[PDB]
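In structure tokens, the next block holds one chain alone, the form deposited in one PDB entry.
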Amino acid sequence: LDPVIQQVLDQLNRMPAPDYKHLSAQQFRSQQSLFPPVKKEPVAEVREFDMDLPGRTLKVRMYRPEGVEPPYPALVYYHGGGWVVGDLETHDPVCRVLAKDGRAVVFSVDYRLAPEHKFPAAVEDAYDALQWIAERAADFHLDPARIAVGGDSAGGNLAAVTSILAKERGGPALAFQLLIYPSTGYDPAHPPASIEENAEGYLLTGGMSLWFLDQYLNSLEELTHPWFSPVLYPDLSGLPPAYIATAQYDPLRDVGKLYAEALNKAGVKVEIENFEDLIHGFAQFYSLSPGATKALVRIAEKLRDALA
């Protein structure tokens, strides 16, 4: 059998067989993905509802993993996608793993996208969503002292910024920040080595990166706006401990490293690990690539330990 497919099959075949005798069309459509076949870890409960915010309503999909007792630790998650693409479905498989393996209730936030909603729309949504969810901790039986923020790529940037805004605003309390190959920014004058090193051939290219910025940002001066490039924020001290994952063949590899450095220098506990054989956005290859699969689960387990 074709090797690549056989790998995907192995992942699907090891999971519990569905009870097709009592499976609704709605369950099949949400629990199974065939285009392409991507494994969706089963969770105990999946709820989707609106967050009525000033000027806009954001949808949120909440994943409660099986075998976890309340008060539950939680993760407010912001999907990647260059602030232009992605939604609740594109990262559904990722959130299911973070809930399942992270042993936490995940809240995937469907923040406004650019160019329709340019910077800093996503940033206000990220923070507001966190505030909306944390103040309703009881509604979801969450442990308010164990609410973390996280995201991949643009989402990791949003989670990083949200932590800073939360500090400046005096709340809500954030216990941890999970940054998956986050675009935490850098001094455009001195671009890290990975920028030019991995500018081509590895999915996220220099052209695509810059195209994302044209869609997201308003002015050239915003390239150094702390809510876009948090690594430039003056005082990173007091921020939630963090875990940063970078990919060897990611132009943003050193960008993540750079934020890890700033956090540590700022006295913030921070763990960072580079995945030697992966590219940017590797989480999207969950179950498709053995390396991406193992990497994401490890990441999920780091979240588990931090909120344990």
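From 1 onward, residues are counted along the sequence shown. Here, rigid core means the biggest group of C-alpha atoms that superpose within 1.5 Å across both forms. Shifts are known only where both forms have a C-alpha.
Below, we turn to the form deposited in another entry, even though it does not appear here.
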Just one entry of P36, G55, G67, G267 has its C-alpha move 2 Å or more between this form and the one not shown under rigid core superposition, and it is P36
My question is whether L12 is one of the residues whose C-alpha shifts by 2 Å or more between this form and the one not shown, given a fit on the rigid core. yes
Hey, does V297 budge by 2 Å or more at the Cα between this form and the one not shown once the core is superposed? no
Please say whether, between this form and the one not shown, the C-alpha of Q248 moves by 2 Å or more once the core is aligned. no
In that other deposited form the CA atoms of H280 and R14, compared with here and shifted by at least 3 Å, lie closer
Based on a C-alpha change of 3 angstroms or more, tell me if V8 and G86 lie closer or farther in that other deposited form than in the shown form. closer
After superposing on the rigid core, which segments of 3 or more consecutive residues have every C-alpha shifted by 2 Å or more between this form and the one not shown? 1-37
